[PDB]
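Colleague: Once you've seen the sequence and the experimental structure below, I've got questions.
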Amino acid sequence: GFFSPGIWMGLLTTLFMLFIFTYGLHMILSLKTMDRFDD
Amino acid sequence: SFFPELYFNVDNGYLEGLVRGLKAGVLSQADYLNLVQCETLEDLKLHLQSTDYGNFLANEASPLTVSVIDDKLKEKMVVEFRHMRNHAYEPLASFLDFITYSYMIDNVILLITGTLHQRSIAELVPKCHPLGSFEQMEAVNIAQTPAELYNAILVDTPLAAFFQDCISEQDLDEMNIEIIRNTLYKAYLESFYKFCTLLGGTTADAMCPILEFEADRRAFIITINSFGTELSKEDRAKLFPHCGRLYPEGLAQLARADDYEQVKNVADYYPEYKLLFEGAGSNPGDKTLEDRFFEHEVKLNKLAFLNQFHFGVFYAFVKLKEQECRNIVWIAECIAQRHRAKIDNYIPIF
Amino acid sequence: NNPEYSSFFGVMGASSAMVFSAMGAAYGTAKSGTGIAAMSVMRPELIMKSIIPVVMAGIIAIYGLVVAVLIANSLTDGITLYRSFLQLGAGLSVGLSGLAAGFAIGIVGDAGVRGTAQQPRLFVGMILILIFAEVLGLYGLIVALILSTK
Amino acid sequence: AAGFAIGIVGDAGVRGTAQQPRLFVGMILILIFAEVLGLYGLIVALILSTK
Amino acid sequence: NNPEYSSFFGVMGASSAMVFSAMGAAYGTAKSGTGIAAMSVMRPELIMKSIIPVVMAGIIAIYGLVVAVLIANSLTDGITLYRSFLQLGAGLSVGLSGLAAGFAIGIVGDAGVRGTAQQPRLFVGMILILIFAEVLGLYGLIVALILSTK
Amino acid sequence: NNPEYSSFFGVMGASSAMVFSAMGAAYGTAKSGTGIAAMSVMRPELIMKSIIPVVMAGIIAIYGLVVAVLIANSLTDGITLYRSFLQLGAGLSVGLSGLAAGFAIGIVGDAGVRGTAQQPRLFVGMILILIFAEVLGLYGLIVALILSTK
Amino acid sequence: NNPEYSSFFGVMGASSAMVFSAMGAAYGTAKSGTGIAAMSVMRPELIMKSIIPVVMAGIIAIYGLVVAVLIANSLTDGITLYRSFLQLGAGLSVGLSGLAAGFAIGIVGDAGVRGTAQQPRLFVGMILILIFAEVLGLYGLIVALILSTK
Amino acid sequence: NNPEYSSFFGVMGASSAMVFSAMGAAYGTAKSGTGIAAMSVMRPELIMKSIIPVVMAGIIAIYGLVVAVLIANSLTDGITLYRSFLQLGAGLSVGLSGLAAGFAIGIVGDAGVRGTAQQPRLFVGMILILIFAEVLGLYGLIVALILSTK
Amino acid sequence: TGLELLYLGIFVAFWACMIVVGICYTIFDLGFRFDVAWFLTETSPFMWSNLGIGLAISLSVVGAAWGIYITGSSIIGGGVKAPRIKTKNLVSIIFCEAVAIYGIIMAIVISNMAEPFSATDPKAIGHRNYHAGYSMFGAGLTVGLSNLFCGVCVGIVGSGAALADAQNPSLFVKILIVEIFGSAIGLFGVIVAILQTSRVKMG
Ligand SMILES: CCCCCCCCCCCCCCCCCC(=O)OC[C@H](COP(=O)([O-])OCC[N+](C)(C)C)OC(=O)CCCCCCCCCCCCCCCCC
Ligand SMILES: CCCCCCCCCCCCCCCCCC(=O)OC[C@H](COP(=O)([O-])OCC[N+](C)(C)C)OC(=O)CCCCCCCCCCCCCCCCC
Ligand SMILES: CCCCCCCCCCCCCCCCCC(=O)OC[C@H](COP(=O)([O-])OCC[N+](C)(C)C)OC(=O)CCCCCCCCCCCCCCCCC
Ligand SMILES: CCCCCCCCCCCCCCCCCC(=O)OC[C@H](COP(=O)([O-])OCC[N+](C)(C)C)OC(=O)CCCCCCCCCCCCCCCCC
Ligand SMILES: CCCCCCCCCCCCCCCCCCCC(=O)O[C@H](COC(=O)CCCCCCCCCCCCCC)COP(=O)(O)OCCN
Ligand SMILES: CCCCCCCCCCCCCCCCCCCC(=O)O[C@H](COC(=O)CCCCCCCCCCCCCC)COP(=O)(O)OCCN
Ligand SMILES: CCCCCCCCCCCCCCCCCCCC(=O)O[C@H](COC(=O)CCCCCCCCCCCCCC)COP(=O)(O)OCCN
Ligand SMILES: CC(C)CCC[C@@H](C)[C@H]1CC[C@H]2[C@@H]3CC=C4C[C@@H](O)CC[C@]4(C)[C@H]3CC[C@]12C
Ligand SMILES: CC(C)CCC[C@@H](C)[C@H]1CC[C@H]2[C@@H]3CC=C4C[C@@H](O)CC[C@]4(C)[C@H]3CC[C@]12C
Ligand SMILES: CC(C)CCC[C@@H](C)[C@H]1CC[C@H]2[C@@H]3CC=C4C[C@@H](O)CC[C@]4(C)[C@H]3CC[C@]12C
Ligand SMILES: CC(C)CCC[C@@H](C)[C@H]1CC[C@H]2[C@@H]3CC=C4C[C@@H](O)CC[C@]4(C)[C@H]3CC[C@]12C
Ligand SMILES: CC(C)CCC[C@@H](C)[C@H]1CC[C@H]2[C@@H]3CC=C4C[C@@H](O)CC[C@]4(C)[C@H]3CC[C@]12C
Ligand SMILES: CC(C)CCC[C@@H](C)[C@H]1CC[C@H]2[C@@H]3CC=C4C[C@@H](O)CC[C@]4(C)[C@H]3CC[C@]12C
Ligand SMILES: CC(C)CCC[C@@H](C)[C@H]1CC[C@H]2[C@@H]3CC=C4C[C@@H](O)CC[C@]4(C)[C@H]3CC[C@]12C
Ligand SMILES: CC(C)CCC[C@@H](C)[C@H]1CC[C@H]2[C@@H]3CC=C4C[C@@H](O)CC[C@]4(C)[C@H]3CC[C@]12C
Ligand SMILES: CC(C)CCC[C@@H](C)[C@H]1CC[C@H]2[C@@H]3CC=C4C[C@@H](O)CC[C@]4(C)[C@H]3CC[C@]12C
C-alpha cells in the first residue's frame, strides 16, 4: 500500500509536531527590532 | 473580520494602553471652564498645573506670553509623540511616520519658499514644525539651489513618493507654493488612506471615516476659499482628495461650483455635511464653517477611541491633543486681549 | 514482539520537549531583550532589575530539557507502543506548554520593561504577571511527569 | 531558536550600546541566556546520540 | 450491476449546477447592489433603471436551477456511471460558467451604474456589456443541456 | 445488503444544510447588523424600517433548517447509498445556495441601509435587490426538496 | 456485532458540538466585551444593558453543551455505525451553527453597543438583530437534537 | 472492453472547454467594462466604438463553446480511454488558451480604451494588440479541434 | 503575507490532491483500498489517547498564555499613568490561568483511564479499548480547544477592562461580569470532557 500503520502513526505524529513547529516559527519570525532609540 | 484581537497586543498592546492613558489626560469640559475663569496668564498657568500638564510651564519666565505657552504645549506634544514612536514597531512605526508626513509637507514648503527667496536653509529650520523635522543632512547646506533642494527631497525624504505628483524641479518655481502644498497633501492623504485600508480590520474601520472627512472638508474649503482667486476650476479640481465620500459626482460638482450656494447644494446630498453647513451661519457672533468642521473632526477622533485593537487611536490622540493645544492658546489669547466674550469659542473635547 | 518502529514516537517526544521549549525560551529571550535594549538608553540602572523576564524564559527551556532528559534516559530498545506514546504525549505537553509560556513571557516582559522604565511601581506588577505566564509552562511539565511515569 | 534569539538580542544590544555603553554587559547576559538554549539542545542530543 | 457511486456524481452535478450558479448570481447581485446604493445618493431617479444588472444576475441563477432540476429529474437508482459523468459534467459546466458570468455581470454592472450617475449615455453601452457578460452563462447552460439530455 | 456507512453522506447532507445556511444567515445578520448600527446614529427613526435585511437573512436560515429537518426525518439505518447521495446533494445545494444568498443579502443590506440614511428613495430599490438575493436561497431550497423527496 | 471503530464518529460529534459552539460563544463574548469596555468610558451607565449581547453569546455555548451531553450519554463502545454518524452530524450541526451564531452575535453586539453609546434609541433594534442571530444557534440545536435522538 | 471510467475524462474535457473559456471571456468583459465605464465619463461618444474588446472576449467564449459542444457530441458510452484522453486534452487546451487570451484581452482592452480617451490614434493600435491576443485563443481552438478529431 | 501565502499554497495543494485522489479511488473501483476502518483500527489506541492528553494540557496552556499576554500588555501599558490597575486587574490574569488549571485536571482525569492491552489484533484489542482511545482523544480535543478559546476570550475581555479601568475606576467591577461569562465556556468544556471519559476503560 501507499501507507502502513507505522507510517500512518508516524505521519500523524509528525503532522501535529509540524503544526506546533510552524506556529512557533511563525511567532518567532514575527519578531521585529526597533528602528529608533530614545534621544 | 481580520481578528486584530488575537495578535494586536503582541507588538502594540503596551502602546495602545500608553496612548489611551495619555488621552485620559486631555482637558475635560470642567478643566476648560476652570481655565476660562482665569484672569491672567499666570492664573492660567496656576489652573493648568492641576491638570495633566503639571509643571511644564514652571521653568519658563514669570512674565508669560502666549507664544511661550504655545511653544511649551507644542514641545510637550512633540516629546510625547516621539516617545511613542521610538517604542513602536514596523506597522505602527509606518503609521506614525504617515502622521508626521502631514507636518513634513508644510516644512518642505517652508524650505522651498525660503530657498527660492534666497534665505539660508539652515536659518529656516527653527520655524519648522518639530514633528516633521528634516534630520537628514542631504537637504541641508543646499547653497540656496532649488534644484539641489528638490534632489535632496527626492533622495533623502519620505516625500519623494508624493513629489512624483509634480513633474520636475522647475515646478517649484512654476506653481504657487499653496498649490504645491495642496497637491502634496492630496497625494499624502491618498497614500494614507490606501495604507489604512491595506492594514484593514479595526484600523481601517476606525481610520477611514477620519480620512474621508478630511478629504471632504479639504474639498469644501478649497472650493469656498478659491472663489475670488485666480485658481481656475480645472486646477482647483486637482486639489480635491479622492478618499472622501464626495468622490462620485460630488467632487465634480464642487469643481463646477461657482458660489457658496452651490457648495451648500452639493453638501445637501450628504446629511452629515448638510448639518455642518446648516449650523455654519458664518455671520458674526456664531460658529463658522471651519468651527463646525473642527467640531465634527473632534467628534470623529473621539469616536475613534470606542474601538480597541487598532492604530487609529494614535492618530486620534495626536489630533485631539493638537486641538487641545490650540484651545489652550486661544484661551490664553482671550485672557491677554481681555476679549472674554468669545472665550467660549474653544471646541471642547470629552 | 513489539513493532520495530515503536521507539520513534517516544524519541520525537524527547526532541519535541527540547525543541519547542527552546523556541519558547528563544522568543522570550528575544522579545524581552529587545525591550531591555529599548529601555536601557534612558534608564540604564534598571538593566539588572529588568533582566528577570529573560531568566524566566530560560527557566522554561530548563523545564523542557528536564523532560527531554527524563525521556531520553527512559528510551529502551524494546520500548512498547504504550510507553512510546506516553513519552510522545509528555513531550508534546511540555514542548507546546513551554512554547506558549515563552511567548507570553516575551510579550509581557517586553511591555513591562518599558513600563517599569516609565512607572517604577509597575516593576512588581510585571513580575506578578510573568510568574503566572511561567507556570503555564510548568503545568505542561507537570503533566509530562505524570505521563512519562504513568 | 538560539540563533534567532542571538540575532535579535545581539543586534538590539549592539545598536543600543552605541547610545548607552552600560547596556553592553546587559546584552552579554541576555546573549548567554540565549546561548545556553543551544547548549541545552546539544546536551539532549548527546544524551540521545551516545545512548 | 452498475457502480453504486454513480449517483454521487449525479447529485454532485445537480448540486454544483445550483451552488456555483447561485454563488455567481449572488456575487453579481451584491456588486450591483453596492453600485446602485453608491449611485443613488446623487441620482435617485436611476434606482430602478440601474436594477437591470441584478435581473441579469438573477437570470444566471435560473440557468443553474434549470440544469439542477433537470439532473434532479434524470437521477435514478441505476444510472450508468457514464450517465452520472454526463450529469456531473453538465452541472460543473453550467455552475462554473454561471459563476464566471456572475462575476462579469457584477463588475460590469457596478461600473456601469457608477458611471451612469455621471454620464447617461453610458447606460446603453453598459447594457450591451452585460449581455456580453450574460451570454457566457447561457453558453454554459447550452453545454449542460447537451450533456444533460444526452 | 447496503453499506453500513451509507447513512454518513445523508447525515452530511442534513448537517451541511443547517450549517452552511446558518453561516450564510449569520453573515447577513452580521453585515446588515453593522450597517444598521452605523446608520442608526444619525437616523434613529429608520432602525425598525431598516431591519428588513436581517429578516431576509433569517429566512435563509429557515430554508436550511427545513431541508435539514426533512433530511433528518428521511434518514434510516438501511438507507441505500443512492438515497444517501441524494440527501447529501440536497444538503449541499440548500446550504451553499443559502450561503451565497446570505453573502449577497449581507452586502446588499449593509449598502442599502447605509444609503437610505442619505437617499430615502433607495429603500424600495434595496428591497427589490434583497428579494433577488433571497430568491437565490429559495432556488437552492427548491432543488434540495427535489433531491430530498425523490 | 458492530465495528470496533464505530464510536469514533460519535466521539467526534460530541467534541465538535462542544468545540465549535465554544469557539462561537468565546468570539461573541470577546467581541462584545471589547466593545462594551471601550464604550463604558463614554457611557458608564449602559454597561449592564450592554451585557445582554454577552449573555446571548453565552447561550450559544449552552446549546453546544446540551447536545454534547446528549452525545456523551448515548455513546457506548458498541453503537451501530448509523447512530455514530447521526451523533457526528448532530455535533457538527450544533457546533458550526453555534459558531456562525457566535460570530454574528459578536459583530452585531459590538456594533449595536457602540451605536447605543452614540444613540440610545438603537438599543431595542440591536436586541432584535441579536435575537435574529441567536435564533440561528437555536436552529442548529433543533437539528442536532433531531439527529442525536434518532 | 473499455473501462467504465473512460467517459470521465471526456466529460471533464467538455466542461473545461466551456468553463475555463467562459472564465477568460468573463475576465476580459469585466476589465473592458470597467475601462469603458471610466472612459465614458469624459468621452461618451466612444462607448459604442470601444465595445470591441468585449466582443473579442465573447469570441473567445465562443471558441470554448465550440470545442465543448464538439466534445459533447463525440462522447459515447463505449468511449476508448485513448479518445477520452484526447477529448480531455482538447478541452484543457481550448479552455486554458481561452483563459490566457481573455486575460490578455481584458488587460489590453482596459489600457487601450483608457488611453484612447486621451489619444485617438491609439485606437487602431489597440485593435492590433487585441487581435494578437485573440489569435492565442484561436491557437488553442486549433489544437483542441485536432485533438478532438484525432 | 509571505508565510500566509505558503500556508494557503500548502492547504490548496493538499485539498486539491485530496479531491483528485478521492475521485480516482471512487471512479476506478478502488474504493476498497480506502479503508477508513483499517486506518482507525490498525492505528494504536495509545496514539489517540496520548495525543488527547497532550492536547488537553498543551492547548489549555496555549489559551492561558494567549490570554495572559493579551491582557498583560494592556495592564502594563495602562498602568504607566494609572498604576492602580496592576493591583486590581490581576483578576483577569487569574481567570486566564484558571483555564490552564482545568487543562491539567482534565489531563489527570484522562491519564487515569490509560492501561496497556498486551494485544495487537483488532479483534483482540476490542471495542472497549478502541472506544477508550477515541474517547480520550475526543475529550482531550474538547477540553483543550474549549480552554484555548475561553482563555483567548477572557484575555481580550481583560484587556478591554484594563483599558477601561485606566480611565474610570468604577467600570472594572461591572465589566468583570463579561469575563465571568467568558470563563463559563472553559467549565463547559471540562464538563463535556468528563462526560466523554465517564465510561472509558482501557485494558
Ligand atoms: C521537533 C520537531 C521538528 C518538526 C517536525 C519534523 C520531524 C520529522 C521527522 C522525520 C520524518 C518522519 C515521518 C514519519 C515516519 C516515522 C518513522 C516510522 O514510523 O516509520 C516506521 C515504518 C515502519 O513500517 P511498517 O512495518 O509499519 O510498514 C509495513 C511493512 N512494510 C514496510 C513492509 C510495508 O518504516 C518506515 O521507516 C516508513 C518510512 C517513513 C519515511 C517517511 C519519509 C520522511 C521524510 C523526511 C522529511 C523530508 C526530509 C528532506 C527535507 C528537505 C530539506 C528541508
Ligand atoms: C504544494 C505543497 C506541498 C505538498 C503538501 C500536500 C501534500 C499532499 C499529499 C499527497 C498524498 C496523496 C495520497 C497518495 C495516494 C493516493 C493516490 C491515488 O489516488 O492514486 C492511487 C489510487 C490507488 O492505486 P491502486 O491501489 O490501484 O495501486 C496499487 C496499490 N499500490 C500502488 C500501493 C501498489 O488510484 C490509482 O491507481 C490512480 C492512478 C493515477 C494517479 C492519480 C493520483 C491522484 C492525484 C494526481 C494529480 C495530483 C493532484 C494535485 C494537482 C496539482 C496540485 C494542486
Ligand atoms: C488541469 C490539470 C491537468 C489534468 C491532469 C492533472 C494531473 C493528473 C495526473 C497525475 C499522474 C497520474 C498519471 C497516471 C499514472 C498511472 C496510473 C495507473 O496505472 O492507472 C491505473 C488506474 C487504476 O487501475 P485501473 O482501474 O486501471 O485497473 C482496473 C481496476 N479495477 C478492476 C478495480 C477497476 O486506472 C487507470 O488505468 C488510470 C489511467 C488514467 C489516469 C490518469 C490520471 C488520473 C487523474 C486525472 C485528473 C483528474 C481530474 C480531471 C479533470 C481536470 C480538469 C481541471
Ligand atoms: C475541499 C473541502 C472538502 C471536500 C472535497 C474533498 C472531500 C474528500 C477528501 C478526502 C479524500 C478523498 C475521500 C474519498 C475517498 C474515496 C472513497 C471510495 O472510493 O469509496 C467511495 C464509496 C464506496 O465506493 P465503492 O467502490 O465501495 O462502491 C460501493 C460498492 N459497494 C456498495 C458494493 C460496496 O462511495 C462513494 O462514491 C462515496 C462518495 C465519496 C467518494 C468521492 C469523493 C468526492 C471527492 C470530491 C469531488 C466530488 C466530485 C464532484 C466535484 C464537484 C463538487 C461540488
Ligand atoms: C517533510 C515533513 C515530514 C513529513 C510530512 C509529515 C506531515 C504530512 C503528513 C500528513 C498526512 C498527509 C497525507 C494524507 C493522505 C490521506 C489519505 C490518502 C489516501 C490513500 O490512498 O490512503 C489509503 C488508506 O487511507 C485511509 O485509510 C484514509 C485515512 C485518511 C486519514 C487522514 C488524516 C490526516 C490528514 C487529514 C486531516 C488532518 C488533521 C489531523 C487529523 C491507502 O490505501 P493502501 O493501499 O495503502 O491501503 C492498504 C490497506 N487497505
Ligand atoms: C501560490 C502558488 C502555488 C504554490 C504551491 C506550492 C506550495 C506552497 C509553496 C510556497 C508558494 C508561494 C511562495 C511562498 C514562499 C515562502 C513564504 C514566503 C517567503 C518566506 O518563507 O520567507 C519568510 C518566512 O521565512 C521562511 O523562509 C520560513 C518558511 C519555511 C518554514 C517551513 C515550515 C513549514 C512546513 C510546512 C508544514 C506546515 C503546514 C501548515 C499549514 C516570509 O516572508 P514575510 O512574509 O515575513 O516577508 C514578506 C515576503 N517574504
Ligand atoms: C462534496 C464533497 C464530498 C462529500 C462526500 C463525503 C466525503 C467524505 C470523505 C471520506 C471518504 C468518503 C466516505 C465513503 C468511503 C469510505 C470507505 C469505504 C471503503 C471500504 O470498503 O472500506 C470499508 C471500511 O470503511 C468504512 O466502513 C468506513 C466508514 C466511515 C466512512 C466515513 C469516514 C470519513 C471521515 C470523517 C471524519 C469526520 C471528522 C469530523 C471532525 C470496508 O470495511 P469492511 O468491514 O468491509 O472490512 C473488510 C476487511 N476484511
Ligand atoms: C423564475 C422562472 C420564471 C424561470 C424558469 C424556472 C422554471 C420554469 C424551470 C426551472 C426548472 C425547469 C424544469 C427542468 C426540468 C424539467 C424536466 C424536463 O423533462 C421537462 C421540463 C422540466 C419540468 C422543467 C420545466 C421548467 C422549469 C421548472
Ligand atoms: C437559441 C439560443 C438563444 C439558445 C437558447 C436555448 C438553449 C439554451 C437550449 C434550449 C433547448 C436546447 C436543446 C434541447 C434539446 C437538444 C437535443 C439534445 O439531444 C442535444 C441538445 C439540444 C439540441 C439542446 C441544445 C440547447 C438548447 C437549444
Ligand atoms: C415556526 C417553527 C415551526 C420553525 C420555523 C421553520 C418551520 C416552518 C419548518 C422547519 C422544519 C419544517 C418541516 C421539515 C420537514 C417536513 C416533512 C415534509 O414531508 C412535510 C413538511 C415538514 C413537516 C416541514 C414543515 C415546515 C417546518 C416545520
Ligand atoms: C414560487 C413558489 C412556488 C416557490 C416556493 C416554494 C417551493 C420551495 C416549493 C413549492 C412547490 C414545490 C414543489 C412541489 C412538489 C414537488 C414534487 C416532489 O417530488 C419534488 C419536489 C417538488 C418539485 C417541489 C419543489 C419545491 C417547490 C417548488
Ligand atoms: C434549549 C436547551 C438550552 C436545553 C434546555 C431545555 C431541555 C430540558 C430540553 C430542550 C430540548 C429537549 C430535547 C428535545 C428532544 C428530545 C427527544 C424527545 O423524544 C425526548 C427528549 C429529548 C432528548 C429532549 C430532552 C430535553 C431537552 C434537551
Ligand atoms: C426549549 C426552547 C429553547 C425552545 C426551542 C425548541 C427546541 C430546543 C426543542 C424543544 C422540543 C424539541 C423537539 C421535541 C421532540 C422531538 C422528537 C424527536 O424524535 C426528534 C427531536 C424533536 C423533534 C425535538 C426537536 C427540538 C425541539 C423543538
Ligand atoms: C454565437 C455562438 C452561439 C456560436 C456557436 C458555435 C457554432 C458555430 C458551433 C458550435 C458546435 C457546432 C456544431 C457541432 C456539431 C455539429 C454536428 C455535425 O454533424 C455537423 C455540424 C454541427 C451541427 C456543428 C455546427 C456549428 C456549431 C453549432
Ligand atoms: C476558426 C478556425 C480557423 C479554427 C480551426 C482551424 C481548422 C483549420 C482546423 C482545426 C482542426 C482541423 C481538423 C483536425 C483533424 C482533421 C481530421 C483529418 O482526417 C482531416 C482534417 C481535419 C478534419 C482537420 C481540418 C482542419 C481543422 C478543422
Ligand atoms: C506536489 C504535491 C501537491 C503532491 C504530489 C501529488 C500526488 C498526490 C501525486 C503526484 C504523482 C502521483 C503518482 C503518479 C503515478 C502513480 C503510479 C500508480 O500506479 C500508483 C499511484 C502513483 C504512485 C501516483 C500517486 C499520487 C501522486 C504521488
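Modeller: Received the coordinates, thanks. Residues are numbered from 1 along each chain as shown, chains lettered A, B, ... in the order given. Ligands and ions are numbered 1, 2, ... in the order given.
Colleague: so does stretch I:156-175 get close to chain B?
Modeller: Yes. With CB under 8 Å from any CB of the partner chain as the threshold, stretch I:156-175 lies in contact with chain B, specifically through I:156, I:159, I:160, I:162, I:163, I:166, I:167. (Each C-beta comes from the backbone N, C-alpha and C, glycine too.)
Colleague: For chain G, tell me whether that stretch is touching it.
Modeller: Yes. With CB under 8 Å from any CB as the criterion, chain G is reached by stretch I:156-175 at I:156-157, I:159-161, I:163-164, I:167-168, I:170-171, I:174-175.
Colleague: can the top helix by length along chain C be found next to chain B?
Modeller: Looking across chain C with DSSP state H, the single longest helix is helix C:81-118. Yes. Using CB under 8 Å from any CB, helix C:81-118 comes into contact with chain B via C:107, C:110, C:111, C:114, C:115, C:118.
Colleague: After the host helix or strand of residue I:123, heading C-terminal, what element do we hit next?
Modeller: Using DSSP states H and E, residue I:123 sits within helix I:122-165. Downstream of helix I:122-165, the next assigned helix or strand under DSSP H and E is helix I:172-196.
Colleague: List the buried residues for that next one?
Modeller: Neighbour-count burial for helix I:172-196, with 16 or more other CB atoms under 10 Å in any protein chain shown as criterion, is recorded at I:172, I:174-179, I:181-196.
Colleague: Quick check, the residue in chain A closest to ligand 11?
Modeller: residue A:2 (42.3 Å; CB to the nearest ligand atom).
Colleague: so that residue, which of the three states?
Modeller: Classification of residue A:2 into helix, strand or coil gives coil, according to DSSP: H, G, I helix; E, B strand; the rest coil.
Colleague: burial measure for it, as a count.
Modeller: Residue crowding around residue A:2 was assessed by other CB atoms under 10 Å in any protein chain shown; the count is 7.
Colleague: where's it relative to chain E, distance?
Modeller: Plainly put, residue A:2 is 21 Å away from chain E if you go by CB to the nearest CB, to the nearest Å.
Colleague: and if you look at residue B:289?
Modeller: The separation that residue B:289 has from chain E, given CB to the nearest CB, amounts to 21 Å.
Colleague: Quick check: phi and psi at the spatially closest residue to that residue that is not a sequence neighbour.
Modeller: Distances taken as CB to CB, 6 or more residues apart in numbering or on different chains place residue B:280 nearest to residue B:289, at 3.8 Å, with adjacent residues excluded. Main-chain dihedrals, residue B:280, degrees, to the nearest 10: phi -90, psi 80.
Colleague: so what's residue B:280 up against?
Modeller: B:287, B:288, B:289, B:291, B:292 (CB atoms under 8 Å, 6 or more residues apart in numbering or on different chains).
Colleague: shouldn't the third one be in contact with residue B:276?
Modeller: Yes. Applying CB atoms under 8 Å, one finds residue B:289 in contact with residue B:276, separated by 7.2 Å.
Colleague: what's the distance between residue I:67 and ligand 1?
Modeller: 26 Å (CB to the nearest ligand atom, to the nearest Å).
Colleague: and that residue, how many neighbours?
Modeller: By the criterion of other CB under 10 Å, residue I:67 has 33 neighbours.
Colleague: Next, the contact list for it, please.
Modeller: Here residue I:67 is in contact with I:95, I:96, I:99, I:151, I:152, I:153, I:154, I:155, I:156, I:158 (criterion: CB under 8 Å, 6+ apart).
Colleague: give the contact list for the last one.
Modeller: The reference is to residue I:158. Applying CB under 8 Å, 6+ apart, one finds that residue I:158 lies in contact with I:67, I:70, I:71, I:74, I:75, I:89, I:92, I:93, I:95, I:96, I:179.
Colleague: With the first one instead?
Modeller: Residues in contact with residue I:95 (CB under 8 Å, 6+ apart) are I:67, I:154, I:158, I:179, I:182, I:183.
Colleague: Please apply the same query to the fifth one.
Modeller: For residue I:152, the contact set (CB under 8 Å, 6+ apart) comprises B:5, B:6, G:26, G:30, I:63, I:66, I:67, I:70.
Colleague: among these, which are in helices?
Modeller: For those, the ones inside helices are G:26, G:30, I:63, I:66, I:67, I:70, with DSSP H as the criterion.
Colleague: ok, of those, which one's closest to residue C:12?
Modeller: Among these, residue I:63 lies closest to residue C:12 (CB to CB), at 24.1 Å.
Colleague: neighbours around the closest residue to ligand 5 within chain A, how many?
Modeller: Closest residue of chain A to ligand 5, CB to the nearest ligand atom: residue A:1 (2.2 Å). Counted with other CB under 10 Å, the neighbours of residue A:1 add up to 8.
Colleague: isn't it right next to residue I:32, touching?
Modeller: No. Counting by CB under 8 Å, no contact exists between residue A:1 and residue I:32, whose distance comes to 11.7 Å.
Colleague: any idea which element residue B:223 lies in?
Modeller: Element membership of residue B:223, judged by DSSP H and E, is helix B:202-225.
Colleague: just to revisit the earlier point, what's the separation between the residue of chain A closest to ligand 11 and ligand 4?
Modeller: Counting by CB to the nearest ligand atom, the gap from residue A:2 to ligand 4 is 13 Å.
Colleague: Spell out the secondary structure type for residue B:58.
Modeller: Of the three states, residue B:58 takes coil under three-state DSSP.
Colleague: And it, how far from residue B:45?
Modeller: To residue B:45, residue B:58 is 8 Å away according to CB to CB, to the nearest Å.
Colleague: These two: which is more packed in?
Modeller: Neighbours per residue, other CB under 10 Å: of residue B:58 and residue B:45, the larger number sits with residue B:45, 23 against 9.
Colleague: how near is that one to residue E:60?
Modeller: On the measure of CB to CB, residue B:45 and residue E:60 end up 71 Å apart.
Colleague: now do residue B:126
Modeller: Relative to residue E:60, residue B:126 is positioned 67 Å away (CB to CB).
Colleague: out of those two, which sits in the more crowded spot?
Modeller: For residue B:126 versus residue E:60, neighbours defined as other CB under 10 Å are more numerous around residue E:60 (36 against 6).
Colleague: So the more buried one is in contact with residue E:23, correct?
Modeller: No. Contact status for residue E:60 versus residue E:23: not in contact, 9.9 Å apart, counting by CB under 8 Å.
Colleague: what do these two both touch?
Modeller: Taking CB under 8 Å, 6+ apart as the contact criterion, the common neighbours of residue E:60 and residue E:23 are residue E:102.
Colleague: quick one on the thing from earlier: now look at the longest helix of chain C and say if it contacts chain A.
Modeller: Yes. When contact is scored as CB under 8 Å from any CB, part of helix C:81-118 falls within range of chain A: C:88, C:92, C:95, C:96, C:99, C:103.
Colleague: Same question for stretch B:62-79.
Modeller: No. Using CB under 8 Å from any CB, no contact is recorded between stretch B:62-79 and chain A, whose separation bottoms out at 9.4 Å.
Colleague: who touches that stretch?
Modeller: Judged by CB under 8 Å, 6+ apart, the contacts made with stretch B:62-79 from elsewhere in the structure are B:41-42, B:44-45, B:53, B:56-57, B:60-61, B:129-131, B:318, B:321-322, B:325, B:328-329, B:332-333, B:336.
Colleague: Could you give me the ChimeraX selection string for whichever of those are buried?
Modeller: ChimeraX command restricting the contacts of stretch B:62-79 to the buried ones, with burial defined by 16+ other CB under 10 Å:
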select /B:41,44,45,53,56,57,129,130,131,318,321,325,328,329,332,333
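Colleague: Just the contacts of stretch B:62-79: which are in helices?
Modeller: Using DSSP H, the members of the contacts of stretch B:62-79 that fall in helices are B:41-42, B:44-45, B:318, B:321-322, B:325, B:328-329, B:332-333, B:336.
Colleague: Mind picking the two most distant members of those residues?
Modeller: Between any two of the ones in helices among the contacts of stretch B:62-79, the greatest separation by CB to CB is 29.2 Å, found for B:42 and B:318.
Colleague: ok, the closest residue to chain D within chain I - contacts?
Modeller: The nearest approach of chain I to chain D comes at residue I:3, 14.7 Å away (CB to the nearest CB). Counting by CB under 8 Å, 6+ apart, residue I:3 touches A:26, A:29.
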